[PDB]
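Chains as they are written, first to last, in my numbering: chain A, -14 to 407; chain B, -14 to 407; chain C, 58 to 484.
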Amino acid sequence: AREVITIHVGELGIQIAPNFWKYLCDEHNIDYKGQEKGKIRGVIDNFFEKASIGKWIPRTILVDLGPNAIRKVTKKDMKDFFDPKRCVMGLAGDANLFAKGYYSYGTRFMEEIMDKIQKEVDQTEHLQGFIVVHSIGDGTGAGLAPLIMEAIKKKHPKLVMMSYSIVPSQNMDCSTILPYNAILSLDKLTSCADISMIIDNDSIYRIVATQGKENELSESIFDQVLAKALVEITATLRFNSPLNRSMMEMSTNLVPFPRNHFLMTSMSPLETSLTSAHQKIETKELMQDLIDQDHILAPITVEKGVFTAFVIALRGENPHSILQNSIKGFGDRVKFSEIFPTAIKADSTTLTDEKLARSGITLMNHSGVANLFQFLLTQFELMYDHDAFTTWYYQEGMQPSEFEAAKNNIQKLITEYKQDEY
Amino acid sequence: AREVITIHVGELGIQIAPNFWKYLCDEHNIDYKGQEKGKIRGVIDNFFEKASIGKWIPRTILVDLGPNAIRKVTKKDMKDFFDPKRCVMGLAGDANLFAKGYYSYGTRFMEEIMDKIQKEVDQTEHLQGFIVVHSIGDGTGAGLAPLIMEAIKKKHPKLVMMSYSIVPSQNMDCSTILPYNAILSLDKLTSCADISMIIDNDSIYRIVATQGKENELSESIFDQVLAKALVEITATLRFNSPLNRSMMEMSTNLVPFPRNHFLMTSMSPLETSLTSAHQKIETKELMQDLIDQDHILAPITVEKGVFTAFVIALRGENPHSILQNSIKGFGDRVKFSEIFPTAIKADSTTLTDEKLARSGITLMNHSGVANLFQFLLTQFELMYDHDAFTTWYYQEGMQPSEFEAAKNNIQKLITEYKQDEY
Amino acid sequence: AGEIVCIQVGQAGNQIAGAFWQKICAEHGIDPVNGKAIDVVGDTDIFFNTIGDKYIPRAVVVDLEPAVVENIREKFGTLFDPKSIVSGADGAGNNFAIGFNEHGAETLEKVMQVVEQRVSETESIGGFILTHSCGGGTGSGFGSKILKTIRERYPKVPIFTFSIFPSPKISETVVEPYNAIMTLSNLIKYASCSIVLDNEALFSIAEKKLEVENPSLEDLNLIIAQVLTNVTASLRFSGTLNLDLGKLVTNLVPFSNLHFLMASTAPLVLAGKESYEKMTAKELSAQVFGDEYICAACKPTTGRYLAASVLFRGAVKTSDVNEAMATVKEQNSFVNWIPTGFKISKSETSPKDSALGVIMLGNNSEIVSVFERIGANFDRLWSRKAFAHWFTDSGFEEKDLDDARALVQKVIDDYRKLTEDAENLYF
Ligand SMILES: Nc1nc2c(ncn2[C@@H]2O[C@H](COP(=O)(O)OP(=O)(O)O)[C@@H](O)[C@H]2O)c(=O)[nH]1
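In structure tokens:
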């Protein structure tokens, strides 16, 4: 079993954990106590460790510079599921600064963190890779997640590392220093991860609100959508799928150059509870929905930008003759460079959710990511050039040239993604 | 991008500005702070300047001989949108006299005004023309707008200049010296503008009141209708329309002789908020509404007078076979001279307003304009011949022959427009 | 971890803090006059030291007054631990110089020993909160020496001060502007954040938003206490995502000397079901950002914001927060360089007398008008040297009175310059 180790870093990555792990528990027929619930299905071993007893243990580590995200997750939301010896807690938190997560505070926990990671690594014969789930907003997520990633890559250089980077909103999750942490941490993700998924919370809020225009939803829906997208990305790593069979294949399919690894996603039906009653989603509509504006979890229109890679992973019966006509029917909405064939790959895997006829998710390497980076970079520059809030970072060791370096690296990254636009 | 510079002159032209500019901001998906709000659509560059940052700047100048119209617009109604370095303010106002706007006070501001205009001109590679929005009532509008127009035509003779001339009402906007300012300023518009639109506020008041006979409306409706008519006239200059593509084409389509440039308009549905609930306006009804008495923003019946030119600009799907039957069906309601073919041109462009199935506006070169001019000229003569209020103009330099010249020019203009009537 | 030590200095300080502690004890479920509880909710460890079944509020109670302990037993029962109460010998007669210079070395050493014990019973220090009044003789001068002393012993720890400033119209004593400037000078140098409150604003609120007829200071303190309990909700009720004092300093203070904040809350409800279930986040945001709930003599809708934060409590819908805040961004005025404007947070636990509630804090350039009025009153008295002997015969030099004024003016000039420059930072 090619086993994956999942690490949740920061208050949001931890907030997500109970939704992510409950989906996996139900998907594979395991209860929330780790007990088997009937017949186990899928390659359970890839995400769960088998205990000396009948219990399955999520193969995961929770990291928080304060005590609170972990305390709520392991004591109130999903009791007895997470192993307490795999939880790392600090006391001070991060004061919302990148500087604490990466230079002044979070560094004292690296021996503890790498020790716990090795203990988890030592339990597996065939380790495929790591998934690091983190916010790029707050200092713990923005700071430690790259600190952890670098420590792992220097010890286990042959593994594939994937990050799930969550970009906070400009409204419900906003912060007055968001642009500093976002640029300072993109600068490190650029050299740290092999694959980096970008999920934009503002897209989630407007997409769910659109789907919910007819009803009252639930406040839990925003977290369920964010958690589900990770579960679906990973579906092919858990079931014997004819696609993204392994993290190494995701890397070879989607990332042509070491720096161009930032990926976008699209998902349909977003959540089962959003699409209820008569939901006979025919193979034809599902593929049109996946390139629709209201299914893309980014401020990206596929028609406005250029594709470098595009993989569509469906679940349930999806006849191949339909998938091919749907792709041909994309026309010029899905366009690549003249140095590439229109390398759009699609197929389907096993469905576990008894309420849905079919579903799917896509992974896109598209130039539109550059627009998010430029948005955040412009905000960074307005603040930086007039020293807003820089004293708080300088006080913890961020010599000013550190900010200048991040500024230049991101502008170069934006420039490179837009090369095919010109 | 063929770029247009918009200038708002006088208390009313300035009053209108926030409605005009908000419509454009929403139409092109820009917020009122100049920030982008999703995907930008239409040729944004024609009316907005791009900042060194992500902000769009309205390409406009605000002129007021007093400080107050500008202060309210830029500090209370549409904050941070208008560039303060493009605002020109005097101290004395105009005492409602043409004489101050054109000879004794407004003249001292011409260096400032032309300097600001050049700074705006210098930012654009391809300048199509200018639009001057002004009252013909009050002295600032009636006086400066032609002073400004002459200064521009003598510097940039190859550009097309259009004015949007708003005729004050005989009730809510009335003044005891309205006939002097109206005749004295029509006399200058006659040689200044290439295209001059005439909008009559009395038509707006009776038309809206008719539409509102079933409800309480809003006091803001009168300004929204007046502002919207300009927005719709300009729609073809902002979208890639098959009509009035440029100001030069509006001039060639509508004005056969240098003096016969005064145009009338007709609009339907007037305002979105006036036509709510079930508003499936079929292509057929829209074209009948556009030549109806209750949609013409002038005291003009199309059946009583002669057309020289007629252009119908629609928005939304409008099948051409319907447009042609609607035109043929005009019969003798729409009649031209025996020296012209019935040159009625109609087509449609892009719709941006999600609440309307379709909409439209017409531009008419029709002899009925002569009736408005004669109405105002008769009032001028009754006052002039008995010296009512002439001391106030003579005190600021208007030697008496100046009034006599305007009187004769307008009577000649009326005579010329009515030639085809006989 | 984010444990809080409160310091209460002087009579106003003790009465305001008293109201706070008694409201905290209602939300957590503790007896306000005994400290005894069986079943409590929330993270009580942030503010209380629990021994057996008694919850002991972590506070240092400070006065110069000869019988401060008895004065507390009479109103607060046994809620406060007497070992934490520091009594004085004579008192400071509304004279900053007595609270600051002539206080007695022993008095200050005892206060510091008590503070050390309170910080010694913590796994970590989350911050300090000082409650006081700028026109007094102990809450001004002694409270100021305490900020100096605390910041020297514990640098890099967020100190929040809540203080009462002179009222805009009528004044209390003639000496008040001298006490107010020197207090402000020390707040400028030592606090991480300071919340500016005054009684004129609070009285208008008490008479118009509360149902109470002819309110006294006892009622007025429930508005201040409501600001204090709401600003600490996320700390007390945890949550996966939350706000500590260090989150507020980082997000609201762009420069080290521009930390003076305004505060506003709604609804204001006196104990009992006297409230109405408006249940609308949109209405609460519209109210909290209006001028009518501002707890200081200023008019924020006419100024410009550098930053602001909003904490929503109770079952507030995400969708309403986003729409409500969109309205706020459109109506108000912000400075361009800070491009995101706000810090937004939610805590699902309702205040005890309302299902929903909102607290807002922020940096509004308008705040200088408070400081400018104080400055001008001082300048007139200082030029004539009226009541001045009371400060120079108590250890100050004219130089100290002049330097304190100069520091205050520097802050005013920095807020105003930034605000005026801001108009063109958009072009
Ligand atoms: N809001 C509020 N204001 C108070 C209270 N008590 C006093 N004040 C204000 O605080 C100012 C200074 O008070 P003071 O009694 O001299 O305090 P001390 O000398 O430092 O102990 C007074 O002039 C009042 O304006 C209170 O209970 N609440």
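A virtual CB, placed ideally from N, CA and C, is assigned to each residue, including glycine.
Contacts of residue i in chain A (Cβ-Cβ under 8 Å)
| i | result |
| --- | --- |
| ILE38(B) | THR363 and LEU367 |
| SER295(C) | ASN53, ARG56 and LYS57 |
| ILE103(C) | What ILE103(C) touches in chain A: nothing, since even the nearest Cβ is about 11 Å away. |
Per-residue burial, residue i [other beta carbons within 10 Å of its own, 16 or more giving buried]
| i | result |
| --- | --- |
| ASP187(A) | buried |
| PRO153(A) | buried |
| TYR333(C) | exposed |
| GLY161(C) | exposed |
| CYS159(A) | buried |
| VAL98(C) | exposed |
| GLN283(C) | buried |
| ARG130(C) | exposed |
| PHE242(A) | exposed |
| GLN196(A) | buried |
| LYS93(C) | exposed |
Cross-strand partners of residue i (DSSP beta bridge)
| i | result |
| --- | --- |
| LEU248(B) | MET182(B) |
| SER148(A) | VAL117(A) and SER181(A) |
| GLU34(A) | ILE42(A) |
| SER170(B) | Per DSSP, none; premise fails for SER170(B). |
| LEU368(C) | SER402(C) and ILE416(C) |
| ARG300(B) | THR334(B) and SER344(B) |
| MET349(A) | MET249(A) and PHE295(A) |
Close-in-space but distant-in-sequence residues of the same chain around residue i (CB under 6 Å, 5 per side omitted)
| i | result |
| --- | --- |
| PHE365(B) | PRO164 and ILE168 |
| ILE401(C) | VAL367 |
| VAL392(C) | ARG361, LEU363 and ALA479 |
| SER249(C) | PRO215, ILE216 and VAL306 |
| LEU308(B) | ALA331 |
| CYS10(A) | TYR17 |
7 Å Cβ shell around residue i - same chain, five flanking residues per side excluded
| i | result |
| --- | --- |
| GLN209(B) | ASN4 and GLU256 |
| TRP78(C) | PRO114 and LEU136 |
| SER89(B) | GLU381 and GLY382 |
Where residue i meets chain B, residues with beta-carbon distance less than 8 Å
| i | result |
| --- | --- |
| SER390(C) | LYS64 and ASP65 |
| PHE484(C) | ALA36, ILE42, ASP68, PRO69 and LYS70 |
| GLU380(C) | Correct list: empty, because the minimum Cβ distance to chain B is about 15 Å. |
| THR286(A) | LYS24 |
Other residues of its chain near residue i: CB distance less than 8 Å, five sequence neighbours each side excluded
| i | result |
| --- | --- |
| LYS7(B) | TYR17 and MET63 |
| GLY23(B) | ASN14 |
Partner residues on chain A for residue i, Cβ-Cβ distance less than 7 Å
| i | result |
| --- | --- |
| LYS246(C) | Going along chain A, no residue has its Cβ under 7 Å from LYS246(C), so there is no contact; the nearest lies around 15 Å. |
| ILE395(C) | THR161, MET368 and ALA373 |
| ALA364(C) | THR161 |
Chain-ordered neighbours of residue i on chain C, where CB pairs are closer than 7 Å
| i | result |
| --- | --- |
| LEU76(A) | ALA58, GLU180 and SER181 |
| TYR87(B) | Within chain C, no residue comes near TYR87(B); the closest Cβ sits about 31 Å away, beyond 7 Å. |
| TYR407(B) | Residues of chain C passing the Cβ test: none, with the nearest at roughly 56 Å. |
Under 9 Å from the C-beta of residue i: neighbouring residues of chain C
| i | result |
| --- | --- |
| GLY51(A) | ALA58, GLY59, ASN299 and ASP301 |
| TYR8(B) | Chain C residues near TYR8(B): none, gap ~16 Å exceeds 9 Å. |
Neighbour list for residue i in chain B, Cβ cutoff strictly below 9 Å
| i | result |
| --- | --- |
| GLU480(C) | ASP65 and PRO69 |
Chain C residues whose Cβ lies nearer than 8 Å to that of residue i
| i | result |
| --- | --- |
| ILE168(A) | Within chain C, no residue comes near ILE168(A); the closest Cβ sits about 13 Å away, beyond 8 Å. |
| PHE207(A) | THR375 |
For the pair the region 118 to 138 of chain B and the region 89 to 106 of chain B, tell me if three or more CB-CB distances fall below 8 Å.
yes
Does the region 291 to 302 of chain A come close enough to the region 334 to 346 of chain A to have 3 or more Cβ pairs within less than 8 Å?
Yes: at least three Cβ pairs fall under 8 Å.
Say whether the region 82 to 89 of chain B touches the region 376 to 395 of chain B, bearing in mind that this needs 3 or more beta-carbon pairs closer than 8 Å, one atom from each stretch.
yes
Under 8 Å: do the region 281 to 291 of chain B and the region 310 to 322 of chain B share three or more Cβ pairs, one atom per stretch?
yes
Evaluate contact between the region 346 to 356 of chain A and the region 19 to 34 of chain B, counting only Cβ atoms and requiring at least three cross-stretch pairs below 8 Å.
Result no; under three Cβ-Cβ pairs closer than 8 Å.
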